[PDB]
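**Student:** The following block contains the structure, expressed as structure tokens.
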Amino acid sequence: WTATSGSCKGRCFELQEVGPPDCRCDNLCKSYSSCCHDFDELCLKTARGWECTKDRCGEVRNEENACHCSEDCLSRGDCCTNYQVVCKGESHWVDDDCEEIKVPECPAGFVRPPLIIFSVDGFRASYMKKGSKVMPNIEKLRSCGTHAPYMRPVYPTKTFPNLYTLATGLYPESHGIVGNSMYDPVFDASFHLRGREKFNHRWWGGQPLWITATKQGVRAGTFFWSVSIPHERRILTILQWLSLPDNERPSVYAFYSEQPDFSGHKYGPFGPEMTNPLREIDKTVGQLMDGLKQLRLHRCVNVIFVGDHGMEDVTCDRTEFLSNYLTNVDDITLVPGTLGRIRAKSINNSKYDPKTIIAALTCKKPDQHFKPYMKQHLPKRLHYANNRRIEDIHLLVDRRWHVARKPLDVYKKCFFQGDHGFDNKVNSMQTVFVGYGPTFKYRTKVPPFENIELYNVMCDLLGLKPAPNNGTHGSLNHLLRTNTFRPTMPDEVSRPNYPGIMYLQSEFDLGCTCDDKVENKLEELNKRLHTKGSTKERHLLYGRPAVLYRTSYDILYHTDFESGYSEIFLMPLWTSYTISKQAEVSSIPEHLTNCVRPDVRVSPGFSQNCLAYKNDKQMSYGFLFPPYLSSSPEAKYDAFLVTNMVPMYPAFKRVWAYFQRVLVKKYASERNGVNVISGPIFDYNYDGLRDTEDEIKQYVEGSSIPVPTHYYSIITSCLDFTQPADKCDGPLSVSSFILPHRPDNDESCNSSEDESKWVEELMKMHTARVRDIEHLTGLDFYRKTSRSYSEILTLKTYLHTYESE
Ligand SMILES: *[C@@H]1O[C@H](CO)[C@@H](O[C@@H]2O[C@H](CO)[C@@H](O[C@@H]3O[C@H](CO[C@H]4O[C@H](CO)[C@@H](O)[C@H](O[C@H]5O[C@H](CO)[C@@H](O)[C@H](O)[C@@H]5O[C@H]5O[C@H](CO)[C@@H](O)[C@H](O)[C@@H]5O)[C@@H]4O)[C@@H](O)[C@H](O[C@H]4O[C@H](CO)[C@@H](O)[C@H](O)[C@@H]4O[C@H]4O[C@H](CO)[C@@H](O)[C@H](O)[C@@H]4O)[C@@H]3O)[C@H](O)[C@H]2NC(C)=O)[C@H](O)[C@H]1NC(C)=O
Ligand SMILES: Cn1c(=O)n(Cc2ccc(F)cc2)c2cnc(Cl)nc21
Ligand SMILES: [Ca+2]
Ligand SMILES: [Cl-]
Ligand SMILES: [K+]
Ligand code: NA
Ligand SMILES: [Zn+2]
């Protein structure tokens, strides 16, 4: 109930929202059906439209007009945005030459430059180039300010998860808005695009920017606008708020546009119909800029022009139906479209089985346009699992396609030509970023980055301390002229032991054997030097990784590789080695096929054993430093140490062996040498964070050898590839992956073919940032480089995406 009999007189677009049953006058009252009876008459004036004309110049103020051209309008703060152009001979902002804003130029009483976020739904990255002729205002912000060629959204590439990630710095799994449609089984409640449920605050986790600001004494405009409030009225409202007295005036504001998304669904991303919406959004930007210029704020405000996601060509004929795969299609609920989420239709159905559903959906039709996953098996880069609102069964849908339950869903709900939601590395889903103002850099291009990083920057722009979030604060310092955030490297928590030779061979009863019994002072001193770290500068190029948690571990040196060996997990946390362009690949000699060697530096008690692998009929083993890349036949024996062994399913060893024997040398050849750091990951609760020992669900049978859920590699070389990886003077180049350690290759439909036809495709899908690996391992990389720390932070956030340009 609302008492709509109150009045909006003197309250239009009030900032503080009044609670029921009092009627409301704020920019959301329409969404709640709660506006005072006179809200339209008073607050949504339209008379005479949105622009001054020469005949209105100097008019007698008529309060009924949408905006004013009378002499008093600048002091009232309610001129039409083109007032000074039409009436006072001024130029439009877009017609002015770009001039560097070295310092804020603000009116008296402004304590800080305001921030205005201009957000655009479905604004695909390539519109910046393809629409450039029809977007002069946006093209000027872009060329004069700081811009990226694109910004990467979060998965799923839907509106509510992306806008709320922009606002929070959080992955959807952490903020809770994991789709545009959701069921929360604890609440027993459903969230929908349409309806009242989505207004309940219990869906919305983390701390969005407007709350961060308010809590720290920075006033915020409201970030949401009822759909029926026209864009011209939104801009005029922002400009009116900016004319409030200093103690009342917000410092941060958001504008939102439903375009070009709304038309892009109807017409596809590049339909001829799309030129007009792009022109219209450009005109709205021009109104804002002209309006700021009238207020003398155009060299004071920082403006961010940012999108939520792009838009792909998708038609009703490109739909896969689960009714063509499942016998039991009426026993499941499907969240459908550009992703799939599957759960039981009834929690009382004891004959529901996820294993049979997954098997029925796996590589069943030659050109199948979706792939099923249990959510914990999704690429870790998507960070899409650790929330009860995310169904265990997930379908990753190919770009340009939909999935639906039955054909009748598609025609009893072609219509649309565009959609979005796909994998966030897909080129058509990429969106835009431009920052313009005194605090941003002048005429500066920055590399692509993820939208989770922006919250920290928006906090820096406002002098706010960000709430804990998933950005890496300092990674976007290169966008900023001032207000940079200068973090210190984390302190190492555990210091390594450096064991010498402490055990005789016969102390070990590991059930291992090696044919290594062949017996020179010219080389005996040499072998000692290698075990003491004489080659470590070659193989550990960026310092040792720091261990950021409490544990017991040893540094182990070898001719060809260095490792940090965990006495707790019985295997390396990390193994580091460098492969030059000139390195040669060799085979594992026949007599060494099954060779495993005790390490006399490490006690039998803290070592793996071969008998456990013999007894465990599902589990085999591989090596972190590859025996294929040994520098000499003698150095090769080090690669078979029990301290370089890790547990591996046979199906996984197909993947790992091809990576180590073929791909490492291919990358060294292409990149002029590479440095590789590889190791295990344990994430059994799929939270993106390193497991403690008590979270491990699987061990090698009969032993305390824990089974990794994933294996990582970080592959670093010189960005200037004229220099070899081990003699690099300037910036670095990285690619990394987090491969799932699975007992089958059911993910790769072409796996019965030679590894050359499917392994690199799998690895590309599981590409990762260094920062993802840091979370998963509790390690901190790149501690000793010649590079600035902010530059290293940017490197650690890099994702190699393997999309075309
Ligand atoms: C991305 O960045 C984010 C933000 O930094 C990272 O997420 C943080 O990770 C921390 C570790 O996982 C986590 O810290 C925990 O906080 C618990 C209290 O949590 C509440 O309070 C905070 C602060 O206001 C709030 O933010 C939380 O919000 C969550 O929950 C509500 C649901 O009510 C949601 O609306 C909201 O969206 C958010 O959900 C997300 O996180 C929760 C977990 O908190 C997930 O379950 C959801 O799926 C979703 O992803 C909360 O309202 C605190 O209780 C924890 O302490 C436990 O563990 C420690 C061990 O050290 C121990 O000392 C305690 O005893 C306690 O254990 C007890 O409880 C156990 C479980 O019930 C039980 O088994 C034991 O026996 C014990 O009794 C813990 O410190 C922090 O909450 C989140 N924050 C957010 C916003 O998500 C995220 O990791 C980053 N991601 C990556 C990849 O880096
Ligand atoms: C889900 N969601 C949000 O979090 N915001 C606020 C917001 C966040 C980031 C931003 F850059 C601008 C505005 C929204 C505004 N409008 C709509 Cl239809 N949905 C929204
Ligand atoms: Ca974990
Ligand atoms: Cl969804
Ligand atoms: K075995
Ligand atoms: Na397969
Ligand atoms: Zn859309």
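Residue names in the structure tokens use chain letters A, B, ... in the order shown, residue numbers from 1 in each chain, and ligand numbers from 1 in the order shown.
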I'd like the neighbourhood of segment 787-801 of chain A as a PDB file with N, CA, C and O atoms, in the first residue's frame, where a residue qualifies if any of its atoms comes within 6 Å (using only C-alpha atoms), though same-chain residues fewer than 6 positions away should be ignored.
**Tutor:**
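Heads up, here's the output in result-v9.pdb:
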```pdb
ATOM      1  N   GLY A 474      45.886  -1.450  -8.324  1.00  0.00           N
ATOM      2  CA  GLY A 474      47.173  -1.001  -8.850  1.00  0.00           C
ATOM      3  C   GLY A 474      47.373  -1.492 -10.279  1.00  0.00           C
ATOM      4  O   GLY A 474      48.177  -0.915 -11.038  1.00  0.00           O
ATOM      5  N   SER A 475      46.646  -2.546 -10.668  1.00  0.00           N
ATOM      6  CA  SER A 475      46.765  -3.059 -12.030  1.00  0.00           C
ATOM      7  C   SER A 475      46.289  -2.097 -13.123  1.00  0.00           C
ATOM      8  O   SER A 475      46.704  -2.227 -14.298  1.00  0.00           O
ATOM      9  N   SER A 735      51.763 -16.162 -21.038  1.00  0.00           N
ATOM     10  CA  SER A 735      50.516 -16.939 -21.232  1.00  0.00           C
ATOM     11  C   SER A 735      50.490 -18.046 -20.187  1.00  0.00           C
ATOM     12  O   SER A 735      51.540 -18.612 -19.859  1.00  0.00           O
ATOM     13  N   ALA A 768      44.457 -18.882 -18.572  1.00  0.00           N
ATOM     14  CA  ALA A 768      44.252 -18.296 -17.208  1.00  0.00           C
ATOM     15  C   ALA A 768      45.133 -17.075 -16.997  1.00  0.00           C
ATOM     16  O   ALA A 768      46.146 -16.878 -17.730  1.00  0.00           O
ATOM     17  N   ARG A 769      44.775 -16.251 -16.000  1.00  0.00           N
ATOM     18  CA  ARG A 769      45.660 -15.170 -15.592  1.00  0.00           C
ATOM     19  C   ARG A 769      46.620 -15.730 -14.549  1.00  0.00           C
ATOM     20  O   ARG A 769      46.257 -16.617 -13.748  1.00  0.00           O
ATOM     21  N   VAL A 770      47.800 -15.121 -14.445  1.00  0.00           N
ATOM     22  CA  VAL A 770      48.716 -15.434 -13.327  1.00  0.00           C
ATOM     23  C   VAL A 770      47.970 -15.223 -11.994  1.00  0.00           C
ATOM     24  O   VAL A 770      48.114 -16.050 -11.076  1.00  0.00           O
ATOM     25  N   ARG A 771      47.158 -14.161 -11.906  1.00  0.00           N
ATOM     26  CA  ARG A 771      46.460 -13.869 -10.647  1.00  0.00           C
ATOM     27  C   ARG A 771      45.504 -15.033 -10.244  1.00  0.00           C
ATOM     28  O   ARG A 771      45.302 -15.282  -9.070  1.00  0.00           O
TER      29      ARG A 771
END
```
**Student:** How close does chain A get to ligand 6? List, as a tab-separated table, each residue of chain A within 12 Å, its nearest atom pair and the distance in Å to one decimal, counting only C-alpha atoms and all ligand atoms.
**Tutor:**
```
residue	atom	partner	partner_atom_place_in_ligand_line	distance
A:359	CA	ligand 6	1 (Na)	11.6
A:362	CA	ligand 6	1 (Na)	8.9
A:363	CA	ligand 6	1 (Na)	7.8
A:364	CA	ligand 6	1 (Na)	11.1
A:371	CA	ligand 6	1 (Na)	11.8
A:651	CA	ligand 6	1 (Na)	9.6
A:652	CA	ligand 6	1 (Na)	11.4
A:654	CA	ligand 6	1 (Na)	11.7
A:655	CA	ligand 6	1 (Na)	11.8
A:742	CA	ligand 6	1 (Na)	11.3
A:743	CA	ligand 6	1 (Na)	11.0
A:744	CA	ligand 6	1 (Na)	7.2
A:745	CA	ligand 6	1 (Na)	4.4
A:746	CA	ligand 6	1 (Na)	3.8
A:747	CA	ligand 6	1 (Na)	5.8
A:748	CA	ligand 6	1 (Na)	4.5
A:749	CA	ligand 6	1 (Na)	4.3
A:750	CA	ligand 6	1 (Na)	5.7
A:751	CA	ligand 6	1 (Na)	4.3
A:752	CA	ligand 6	1 (Na)	6.3
A:753	CA	ligand 6	1 (Na)	9.0
A:754	CA	ligand 6	1 (Na)	11.5
A:755	CA	ligand 6	1 (Na)	11.2
A:757	CA	ligand 6	1 (Na)	11.8
A:758	CA	ligand 6	1 (Na)	9.4
A:759	CA	ligand 6	1 (Na)	10.8
A:762	CA	ligand 6	1 (Na)	10.9
```
**Student:** When you draw a straight line from atom CA of residue 321 of chain A to atom CA of residue 405 of chain A, how long is it in Å?
**Tutor:**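 Between atom CA of residue 321 of chain A and atom CA of residue 405 of chain A the gap works out to 5.4 Å.
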**Student:** Fewer than 6 positions away in the same chain doesn't count, so skip those; otherwise give me all residues within 7 Å of segment 146-160 of chain A, counting only C-alpha atoms, as a CSV table (one decimal) with C-alpha atoms, in the first residue's frame.
**Tutor:**
```csv
chain,number,residue,atom,x,y,z
A,125,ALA,CA,33.6,-3.1,-28.6
A,177,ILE,CA,23.7,-12.0,-9.3
A,179,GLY,CA,22.2,-14.6,-14.2
A,180,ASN,CA,19.2,-12.5,-15.3
A,308,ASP,CA,28.1,-4.1,-19.9
A,309,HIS,CA,28.6,-6.6,-22.8
A,382,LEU,CA,35.1,-18.0,-15.7
A,420,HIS,CA,24.5,-12.2,-25.7
A,421,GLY,CA,25.5,-14.3,-22.6
A,422,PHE,CA,28.2,-16.5,-24.1
A,423,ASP,CA,31.7,-17.2,-22.8
A,424,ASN,CA,33.4,-13.8,-21.8
A,429,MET,CA,30.7,-10.2,-26.2
A,430,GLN,CA,33.6,-7.6,-25.7
A,431,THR,CA,32.5,-4.1,-24.7
A,432,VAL,CA,33.9,-0.6,-24.3
A,433,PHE,CA,35.8,1.6,-21.9
A,434,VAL,CA,36.7,5.4,-22.2
A,435,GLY,CA,37.8,7.6,-19.3
A,436,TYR,CA,37.9,11.4,-19.8
A,440,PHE,CA,42.6,10.2,-16.5
A,441,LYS,CA,45.5,10.4,-19.0
A,442,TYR,CA,45.5,12.5,-22.2
A,443,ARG,CA,45.2,10.8,-25.7
A,444,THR,CA,46.3,7.5,-24.2
A,445,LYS,CA,45.5,3.9,-25.4
A,446,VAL,CA,45.7,1.2,-22.7
A,447,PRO,CA,45.6,-2.6,-23.3
A,448,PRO,CA,42.3,-4.5,-22.8
A,449,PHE,CA,41.3,-5.2,-19.2
A,450,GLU,CA,38.5,-6.9,-17.2
A,451,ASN,CA,35.5,-5.0,-15.9
A,479,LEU,CA,45.0,4.7,-16.9
```
**Student:** From a backbone DSSP assignment, name each residue in segment 114-303 of chain A labelled helix (DSSP H, G or I), as JSON, numbers by chain.
**Tutor:** {"A": [127, 128, 129, 130, 132, 133, 134, 136, 137, 138, 139, 140, 141, 142, 143, 144, 159, 160, 161, 162, 163, 164, 165, 166, 167, 168, 172, 173, 174, 175, 197, 198, 199, 201, 202, 203, 209, 210, 211, 212, 213, 214, 215, 231, 232, 233, 234, 235, 236, 237, 238, 239, 240, 241, 261, 262, 263, 264, 265, 266, 267, 272, 273, 274, 275, 276, 277, 278, 279, 280, 281, 282, 283, 284, 285, 286, 287, 288, 289, 290, 291, 292, 293, 294]}
**Student:** Grab the atom CA of residue 332 of chain A to atom CA of residue 390 of chain A distance for me, in Å with one decimal place.
**Tutor:**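 Atom CA of residue 390 of chain A lies 15.0 Å from atom CA of residue 332 of chain A.
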**Student:** Just list the residues in segment 226-417 of chain A DSSP gives strand (DSSP E) on the backbone, as a VMD selection string.
**Tutor:** chain A and resid 252 to 260 302 to 307 312 to 313 319 to 321 332 to 335 339 to 344 370 to 374 393 to 397 402 to 404
**Student:** Within 9 Å of ligand 3, counting only C-alpha atoms and all ligand atoms, which protein or nucleic acid residues do you find, written as a PyMOL selection string?
**Tutor:** chain A and resi 682-692+695+776
**Student:** Using the selection just defined, write its residues with N, CA, C and O atoms as a PDB file, in the first residue's frame.
**Tutor:**
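In the end it all went to part.pdb:
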```pdb
ATOM      1  N   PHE A 682      44.940 -27.532  -5.911  1.00  0.00           N
ATOM      2  CA  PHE A 682      43.893 -28.286  -5.169  1.00  0.00           C
ATOM      3  C   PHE A 682      42.757 -27.308  -4.878  1.00  0.00           C
ATOM      4  O   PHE A 682      42.885 -26.420  -4.014  1.00  0.00           O
ATOM      5  N   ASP A 683      41.625 -27.502  -5.545  1.00  0.00           N
ATOM      6  CA  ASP A 683      40.437 -26.702  -5.281  1.00  0.00           C
ATOM      7  C   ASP A 683      39.159 -27.566  -5.254  1.00  0.00           C
ATOM      8  O   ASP A 683      38.274 -27.436  -6.100  1.00  0.00           O
ATOM      9  N   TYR A 684      39.074 -28.467  -4.272  1.00  0.00           N
ATOM     10  CA  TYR A 684      37.965 -29.429  -4.186  1.00  0.00           C
ATOM     11  C   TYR A 684      36.623 -28.780  -3.830  1.00  0.00           C
ATOM     12  O   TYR A 684      35.591 -29.347  -4.116  1.00  0.00           O
ATOM     13  N   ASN A 685      36.643 -27.619  -3.161  1.00  0.00           N
ATOM     14  CA  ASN A 685      35.367 -26.881  -2.912  1.00  0.00           C
ATOM     15  C   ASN A 685      35.077 -25.788  -3.933  1.00  0.00           C
ATOM     16  O   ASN A 685      34.191 -24.926  -3.715  1.00  0.00           O
ATOM     17  N   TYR A 686      35.792 -25.856  -5.052  1.00  0.00           N
ATOM     18  CA  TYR A 686      35.583 -24.931  -6.217  1.00  0.00           C
ATOM     19  C   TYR A 686      35.339 -23.457  -5.848  1.00  0.00           C
ATOM     20  O   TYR A 686      34.455 -22.773  -6.426  1.00  0.00           O
ATOM     21  N   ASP A 687      36.151 -22.959  -4.915  1.00  0.00           N
ATOM     22  CA  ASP A 687      35.981 -21.539  -4.496  1.00  0.00           C
ATOM     23  C   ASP A 687      37.027 -20.630  -5.118  1.00  0.00           C
ATOM     24  O   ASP A 687      37.056 -19.418  -4.796  1.00  0.00           O
ATOM     25  N   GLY A 688      37.898 -21.179  -5.974  1.00  0.00           N
ATOM     26  CA  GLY A 688      38.949 -20.308  -6.607  1.00  0.00           C
ATOM     27  C   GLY A 688      40.163 -20.096  -5.702  1.00  0.00           C
ATOM     28  O   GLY A 688      41.069 -19.385  -6.079  1.00  0.00           O
ATOM     29  N   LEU A 689      40.131 -20.681  -4.500  1.00  0.00           N
ATOM     30  CA  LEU A 689      41.167 -20.443  -3.496  1.00  0.00           C
ATOM     31  C   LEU A 689      41.866 -21.756  -3.089  1.00  0.00           C
ATOM     32  O   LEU A 689      41.244 -22.798  -2.978  1.00  0.00           O
ATOM     33  N   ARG A 690      43.175 -21.649  -2.816  1.00  0.00           N
ATOM     34  CA  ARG A 690      43.984 -22.804  -2.355  1.00  0.00           C
ATOM     35  C   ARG A 690      43.270 -23.607  -1.246  1.00  0.00           C
ATOM     36  O   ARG A 690      42.894 -23.004  -0.247  1.00  0.00           O
ATOM     37  N   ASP A 691      43.142 -24.926  -1.385  1.00  0.00           N
ATOM     38  CA  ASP A 691      42.614 -25.774  -0.315  1.00  0.00           C
ATOM     39  C   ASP A 691      43.654 -25.983   0.812  1.00  0.00           C
ATOM     40  O   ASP A 691      44.852 -26.134   0.571  1.00  0.00           O
ATOM     41  N   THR A 692      43.181 -26.026   2.042  1.00  0.00           N
ATOM     42  CA  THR A 692      43.974 -26.593   3.100  1.00  0.00           C
ATOM     43  C   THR A 692      43.928 -28.139   3.003  1.00  0.00           C
ATOM     44  O   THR A 692      43.077 -28.725   2.270  1.00  0.00           O
ATOM     45  N   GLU A 695      40.644 -30.229   3.223  1.00  0.00           N
ATOM     46  CA  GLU A 695      39.590 -30.080   2.207  1.00  0.00           C
ATOM     47  C   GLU A 695      39.797 -31.060   1.068  1.00  0.00           C
ATOM     48  O   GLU A 695      38.996 -31.116   0.125  1.00  0.00           O
ATOM     49  N   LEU A 776      44.685 -19.670  -6.363  1.00  0.00           N
ATOM     50  CA  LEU A 776      44.554 -21.120  -6.267  1.00  0.00           C
ATOM     51  C   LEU A 776      45.713 -21.828  -5.559  1.00  0.00           C
ATOM     52  O   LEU A 776      45.538 -22.968  -5.135  1.00  0.00           O
TER      53      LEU A 776
END
```
**Student:** What are the closest atom pairs, with distances in Å to one decimal, for all residues of segment 506-617 of chain A lying within 8 Å of segment 626-644 of chain A? Consider only C-alpha atoms, order rows by chain and residue number, and present the result as JSON lines.
**Tutor:**
```
{"residue": "A:516", "atom": "CA", "partner": "A:637", "partner_atom": "CA", "distance": 7.8}
{"residue": "A:558", "atom": "CA", "partner": "A:638", "partner_atom": "CA", "distance": 7.0}
{"residue": "A:559", "atom": "CA", "partner": "A:635", "partner_atom": "CA", "distance": 6.5}
{"residue": "A:560", "atom": "CA", "partner": "A:630", "partner_atom": "CA", "distance": 6.6}
{"residue": "A:565", "atom": "CA", "partner": "A:643", "partner_atom": "CA", "distance": 7.1}
{"residue": "A:570", "atom": "CA", "partner": "A:643", "partner_atom": "CA", "distance": 7.7}
{"residue": "A:571", "atom": "CA", "partner": "A:643", "partner_atom": "CA", "distance": 6.0}
{"residue": "A:572", "atom": "CA", "partner": "A:644", "partner_atom": "CA", "distance": 6.9}
{"residue": "A:579", "atom": "CA", "partner": "A:629", "partner_atom": "CA", "distance": 7.8}
{"residue": "A:583", "atom": "CA", "partner": "A:629", "partner_atom": "CA", "distance": 7.4}
{"residue": "A:584", "atom": "CA", "partner": "A:629", "partner_atom": "CA", "distance": 6.7}
{"residue": "A:585", "atom": "CA", "partner": "A:629", "partner_atom": "CA", "distance": 5.2}
{"residue": "A:586", "atom": "CA", "partner": "A:628", "partner_atom": "CA", "distance": 4.9}
{"residue": "A:587", "atom": "CA", "partner": "A:628", "partner_atom": "CA", "distance": 5.4}
{"residue": "A:588", "atom": "CA", "partner": "A:628", "partner_atom": "CA", "distance": 6.4}
{"residue": "A:595", "atom": "CA", "partner": "A:640", "partner_atom": "CA", "distance": 6.3}
{"residue": "A:596", "atom": "CA", "partner": "A:640", "partner_atom": "CA", "distance": 5.1}
{"residue": "A:597", "atom": "CA", "partner": "A:641", "partner_atom": "CA", "distance": 4.6}
{"residue": "A:598", "atom": "CA", "partner": "A:642", "partner_atom": "CA", "distance": 5.5}
{"residue": "A:599", "atom": "CA", "partner": "A:641", "partner_atom": "CA", "distance": 5.9}
{"residue": "A:607", "atom": "CA", "partner": "A:643", "partner_atom": "CA", "distance": 6.9}
{"residue": "A:608", "atom": "CA", "partner": "A:642", "partner_atom": "CA", "distance": 6.5}
{"residue": "A:609", "atom": "CA", "partner": "A:642", "partner_atom": "CA", "distance": 7.7}
```
**Student:** Please produce an output containing N, CA and C atoms for each residue in the selection, written as an mmCIF file, in the first residue's frame.
**Tutor:**
```cif
data_model
loop_
_atom_site.group_PDB
_atom_site.id
_atom_site.type_symbol
_atom_site.label_atom_id
_atom_site.label_comp_id
_atom_site.auth_asym_id
_atom_site.auth_seq_id
_atom_site.Cartn_x
_atom_site.Cartn_y
_atom_site.Cartn_z
ATOM 1 N N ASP A 516 69.961 -46.983 -12.920
ATOM 2 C CA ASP A 516 70.882 -45.834 -12.939
ATOM 3 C C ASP A 516 72.290 -46.109 -12.359
ATOM 4 N N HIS A 558 68.691 -28.054 -9.293
ATOM 5 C CA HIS A 558 69.142 -29.047 -10.262
ATOM 6 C C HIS A 558 69.718 -28.325 -11.465
ATOM 7 N N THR A 559 70.471 -29.050 -12.281
ATOM 8 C CA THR A 559 71.052 -28.479 -13.489
ATOM 9 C C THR A 559 70.032 -27.727 -14.327
ATOM 10 N N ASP A 560 68.877 -28.367 -14.546
ATOM 11 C CA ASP A 560 67.868 -27.940 -15.538
ATOM 12 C C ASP A 560 66.615 -27.269 -14.961
ATOM 13 N N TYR A 565 59.564 -27.631 -2.933
ATOM 14 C CA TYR A 565 58.972 -28.965 -2.609
ATOM 15 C C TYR A 565 58.250 -28.990 -1.258
ATOM 16 N N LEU A 570 53.673 -33.505 -0.206
ATOM 17 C CA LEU A 570 54.570 -34.523 -0.785
ATOM 18 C C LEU A 570 54.894 -34.315 -2.285
ATOM 19 N N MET A 571 54.890 -33.071 -2.722
ATOM 20 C CA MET A 571 55.180 -32.804 -4.125
ATOM 21 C C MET A 571 55.510 -31.313 -4.275
ATOM 22 N N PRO A 572 56.050 -30.889 -5.433
ATOM 23 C CA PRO A 572 56.310 -29.422 -5.600
ATOM 24 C C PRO A 572 55.082 -28.543 -5.598
ATOM 25 N N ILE A 579 63.757 -22.825 -21.122
ATOM 26 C CA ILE A 579 64.018 -23.533 -22.387
ATOM 27 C C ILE A 579 64.374 -22.516 -23.476
ATOM 28 N N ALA A 583 67.161 -25.132 -27.583
ATOM 29 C CA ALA A 583 67.015 -26.415 -26.867
ATOM 30 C C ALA A 583 66.554 -27.564 -27.748
ATOM 31 N N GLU A 584 67.078 -28.745 -27.465
ATOM 32 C CA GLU A 584 66.715 -29.935 -28.215
ATOM 33 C C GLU A 584 65.799 -30.838 -27.356
ATOM 34 N N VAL A 585 64.814 -31.455 -28.000
ATOM 35 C CA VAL A 585 63.935 -32.423 -27.364
ATOM 36 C C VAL A 585 64.517 -33.818 -27.540
ATOM 37 N N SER A 586 64.536 -34.594 -26.469
ATOM 38 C CA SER A 586 64.943 -35.997 -26.569
ATOM 39 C C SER A 586 63.827 -36.924 -26.061
ATOM 40 N N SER A 587 64.048 -38.237 -26.145
ATOM 41 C CA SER A 587 63.041 -39.189 -25.693
ATOM 42 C C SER A 587 63.390 -39.614 -24.277
ATOM 43 N N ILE A 588 62.483 -40.316 -23.626
ATOM 44 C CA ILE A 588 62.845 -41.055 -22.421
ATOM 45 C C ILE A 588 63.492 -42.379 -22.906
ATOM 46 N N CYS A 595 61.716 -45.574 -14.479
ATOM 47 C CA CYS A 595 62.682 -45.102 -13.480
ATOM 48 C C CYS A 595 62.085 -44.057 -12.525
ATOM 49 N N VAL A 596 62.133 -44.332 -11.217
ATOM 50 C CA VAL A 596 61.873 -43.311 -10.176
ATOM 51 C C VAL A 596 62.980 -43.441 -9.142
ATOM 52 N N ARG A 597 63.557 -42.295 -8.759
ATOM 53 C CA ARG A 597 64.784 -42.256 -7.945
ATOM 54 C C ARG A 597 64.548 -41.536 -6.625
ATOM 55 N N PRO A 598 64.852 -42.174 -5.483
ATOM 56 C CA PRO A 598 64.879 -41.440 -4.190
ATOM 57 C C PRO A 598 65.743 -40.155 -4.243
ATOM 58 N N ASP A 599 65.278 -39.118 -3.539
ATOM 59 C CA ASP A 599 65.997 -37.879 -3.451
ATOM 60 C C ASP A 599 66.685 -37.841 -2.091
ATOM 61 N N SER A 607 58.394 -38.240 1.356
ATOM 62 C CA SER A 607 58.483 -38.580 -0.068
ATOM 63 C C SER A 607 57.254 -39.371 -0.498
ATOM 64 N N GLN A 608 56.908 -39.305 -1.793
ATOM 65 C CA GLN A 608 55.938 -40.243 -2.362
ATOM 66 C C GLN A 608 56.542 -41.650 -2.416
ATOM 67 N N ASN A 609 55.718 -42.628 -2.784
ATOM 68 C CA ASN A 609 56.217 -43.992 -2.998
ATOM 69 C C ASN A 609 55.550 -44.616 -4.209
#
```
**Student:** May I ask which of the residues A:86, A:501, A:167, A:339 is the closest one to ligand 4, counting only C-alpha atoms and all ligand atoms?
**Tutor:** A:339
**Student:** Which protein, DNA or RNA residues have an atom within 8 Å of ligand 5, counting only C-alpha atoms and all ligand atoms, as a ChimeraX atom specification?
**Tutor:** /A:612-621
**Student:** Nearest residue to ligand 4 out of A:21, A:340, A:679, A:463, using only C-alpha atoms and all ligand atoms?
**Tutor:**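 Ranked by minimum distance to ligand 4, first place goes to A:340.
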**Student:** What residues of the protein or nucleic acid chains come within 6 Å of ligand 1 when you use only C-alpha atoms and all ligand atoms? Reply as a list in words.
**Tutor:**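 For ligand 1, the residues inside 6 Å are residues 170, 173, 174, 175, 176, 204, 205, 206, 386, 387, 388, 468, 469, 470, 688, 689 and 775 of chain A.
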**Student:** Might you pull out every residue within 7 Å of segment 65-82 of chain A, with only C-alpha atoms counted and same-chain residues fewer than 3 positions away left off, and present them as a ChimeraX atom specification?
**Tutor:** /A:45-52,56-62,85-86,240,243,287,290-291
**Student:** Distance limit 8 Å, reference ligand 2, atoms considered: only C-alpha atoms and all ligand atoms. Which residues make the cut? Give them as JSON, numbers by chain.
**Tutor:** {"A": [117, 118, 119, 159, 160, 161, 162, 163, 164, 165, 166, 167, 208, 223, 224, 225, 227, 254, 255, 256, 258, 306, 307, 308]}
